[PDB]
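Engineer: Have a look at the structure that comes next, please.
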There are 2 protein chains.
Amino acid sequence: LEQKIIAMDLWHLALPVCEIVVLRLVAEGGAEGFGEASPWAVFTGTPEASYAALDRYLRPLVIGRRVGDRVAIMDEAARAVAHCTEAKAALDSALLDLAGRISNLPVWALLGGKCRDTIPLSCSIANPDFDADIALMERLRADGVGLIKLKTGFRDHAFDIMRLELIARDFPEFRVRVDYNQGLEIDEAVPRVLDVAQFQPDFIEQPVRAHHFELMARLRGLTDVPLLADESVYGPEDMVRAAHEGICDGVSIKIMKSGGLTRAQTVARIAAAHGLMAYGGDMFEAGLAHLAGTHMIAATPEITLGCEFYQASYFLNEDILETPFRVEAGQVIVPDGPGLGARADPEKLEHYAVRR
Amino acid sequence: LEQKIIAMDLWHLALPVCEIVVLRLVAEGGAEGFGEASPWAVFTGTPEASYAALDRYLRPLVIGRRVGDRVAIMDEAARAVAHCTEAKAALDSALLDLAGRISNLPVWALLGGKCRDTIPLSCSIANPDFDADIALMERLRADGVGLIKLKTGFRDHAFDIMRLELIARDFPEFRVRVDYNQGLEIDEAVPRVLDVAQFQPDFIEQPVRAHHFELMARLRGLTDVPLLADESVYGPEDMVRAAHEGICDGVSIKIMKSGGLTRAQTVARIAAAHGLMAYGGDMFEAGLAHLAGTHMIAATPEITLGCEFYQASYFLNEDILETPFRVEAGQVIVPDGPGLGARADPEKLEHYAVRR
Ligand SMILES: [Mg+2]
Ligand SMILES: [Mg+2]
Ligand code: NA
Ligand code: NA
């Protein structure tokens, strides 16, 4: 691990169904590490921002550094550029993937070990054309997927209720989660949440804008259905604040928000210390990001509500991995191979790139 | 790391100057892992309690497990036996040491990498015969040690003041820290702490009993000298409570309290999130425990006040490692070799054992 990182390559991809930024690091010894940043322009930041963060601001910080100084590198990285937690997460992933390759260890082994070999998978239901999702749900049920998360709030309230009712009638096999993606306005939050809570989903995710800690805390006191914070919490700092103000019953943890795998674990551990639950959320990512999140969760017993790394299997027309992101009988398979467990395909990276 | 742990050997040692419990784990392939539990009877527990914890209660959940399932093993261990955080730290150390030997990596490499190659060392000054400490301080200054921590409260207040004045006069080269070890009673806490604070030590450690959160918080508001919590904080759970009640400005982190290296890091990270400083404390341990503590601090940027792994160098007549715990120019050296960086001497373990 005394080896020096000698190169940094980047790709700004546009995947048919979704833009992401892929990073590759190369050590003196020839080993390579991959990492993905999956920005959501309106929430975490743009792909351009993360591309620049890596290409111009973090590059000088990483090139020439020893693979083993990851802790120092990530500490400096957080301060070297503002935001771009997706880019920071990509760097951490590549650093870990690289160290894992060098030492011949899976990433979870560099995160403390593993506590689970599989992770329950959840697929989101967010199509404005519900008939298309019904067909999707038929397939999900057939594939053994047992969890689904209804994206709510993007249309009228009636549209949300309609779907919950049909799901309960024709797809009772699934456990159902709900996610508003900060979608509701102040004047409609309470009545819409209270109505949806009647359906008793496993949890309702972030009904209002991230900065609405007061309102989130109030919504939490309205029903016994768990209220999960997502956009309101990125890292440990926000988690401490969220816990203090009692804005949620649990949190959706994403490496793209925490800016790294360790910071993601810290969020989960702080949530647990406050008696709050944790879920493996994700952004609109590809298989590389899925693998990074999978290794993180495999080493974090505190995240018990499953994960939602469903895009590579049900959203993207084609993924960027050389080998399919492994999911069997509705469960994500924790890889045990070196590094992340799969390489990104250069040809696909070259083909789908809009910039590199 | 898929291979199983097939054996657990224990030694309750009595080291001339100190009792500790040493643990050795053996994997199917023959690799070994060593860990140390350094119990303090009146604070953390007895060596007999920790010996029993490992020998009878943790043995069953460890034997037959995959080396790589460390996270799950430790999660289960914490609940398998009450207290005995020292035994838990020893098990975590052995598991990490074992995994390091297998993968040929330094323990810090399994804790996320490193951010520092050396750690400033502090030696405690606690001899009731102060002339003996003056001699030691002469030795300390010559060896390049620039930090010392005065053990206060075990005698009258005059004795503490006497030593603080002589140190400032004859040994100005040292940065001075103070530690009461919960030694002060309620009716004498304010006056004594105020007097000592006039000497502006770097920090004053745990003036009163661990359970006195309210009193600790009041003491914190009396001076601008940092008040460190030690016995009041063992793990993440205590750190969350201590931060909420504002009982300190910083915390002394010890693996023997946190019951593991990761838990110790979580304590440091939580403190930092609350704007509280962190110090690398220790119990009356030997070189094996010092190495575990060194690797954890090596991977934890949040711990910036140095460490006190001085016993192997200045307290124990003889250490148990095959090679000296490295300290150069008053700085602890972070090992880069496989595992903890040194091996326990089978012959010494047998010689100093009072039970095995
Ligand atoms: Mg969400
Ligand atoms: Mg102390
Ligand atoms: Na509630
Ligand atoms: Na103060």
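Every chain in the structure tokens takes a letter, A first, then B, and so on in the order presented; its residues are numbered from 1, and the ligands are numbered from 1 following the presented order.
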At a cut-off of 12 Å and counting only C-alpha atoms and all ligand atoms, what residues surround ligand 3? Please answer as a ChimeraX atom specification.

Structural biologist: /A:193-194,197,203-204,216-228,246-250,276

Engineer: Give me the range 9-74 of chain B side of the contact with range 335-340 of chain B, cut-off 12 Å, one line per residue showing its nearest atom pair and distance in Å at one decimal, counting only C-alpha atoms, sorted by chain and residue number, as JSON lines.

Structural biologist:
```
{"residue": "B:31", "atom": "CA", "partner": "B:339", "partner_atom": "CA", "distance": 10.5}
{"residue": "B:32", "atom": "CA", "partner": "B:339", "partner_atom": "CA", "distance": 9.4}
{"residue": "B:33", "atom": "CA", "partner": "B:339", "partner_atom": "CA", "distance": 7.7}
{"residue": "B:34", "atom": "CA", "partner": "B:340", "partner_atom": "CA", "distance": 8.1}
{"residue": "B:35", "atom": "CA", "partner": "B:340", "partner_atom": "CA", "distance": 9.1}
{"residue": "B:36", "atom": "CA", "partner": "B:340", "partner_atom": "CA", "distance": 11.4}
```

Engineer: Set the cut-off to 10 Å, count only C-alpha atoms and all ligand atoms, and list whatever residues fall near ligand 2 as a PyMOL selection string.

Structural biologist: chain B and resi 149+151+178-182+204-207+228-232+251-254+281-283

Engineer: I need the chain B residues near chain A as a count of residues only; criterion: at most 9 Å, counting only C-alpha atoms.

Structural biologist: 36

Engineer: Report, in Å with one decimal, the straight-line distance from CA of residue 40 in chain A to CA of residue 309 in chain A.

Structural biologist: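 We find that CA of residue 40 in chain A and CA of residue 309 in chain A lie 15.6 Å from each other.
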
Engineer: From a DSSP pass on the backbone, collect the residues of range 233-262 of chain B flagged as helix (DSSP H, G or I) and hand them back as a ChimeraX atom specification.

Structural biologist: /B:236-245,255-258,261-262

Engineer: I'd like the neighbourhood of residue 87 in chain A as a tab-separated table (two decimals) with C-alpha atoms, in the first residue's frame, where a residue qualifies if any of its atoms comes within 8 Å (using only C-alpha atoms), though same-chain residues fewer than 5 positions away should be ignored.

Structural biologist:
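Full text of selection.tsv as output:
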```
chain	number	residue	atom	x	y	z
A	21	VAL	CA	-19.27	10.52	-13.61
A	36	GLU	CA	-18.89	6.45	-9.42
A	37	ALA	CA	-20.52	9.81	-8.64
A	50	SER	CA	-18.53	16.79	-9.69
A	51	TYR	CA	-16.57	16.31	-12.91
A	53	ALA	CA	-14.20	18.76	-8.56
A	54	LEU	CA	-12.34	15.58	-9.46
A	256	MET	CA	-23.37	10.08	-2.59
A	259	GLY	CA	-19.18	11.83	0.50
```

Engineer: Which value, in Å to one decimal, gives the distance between CA of residue 124 in chain B and CA of residue 148 in chain B?

Structural biologist: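 Computing it gives 5.5 Å between the two atoms.
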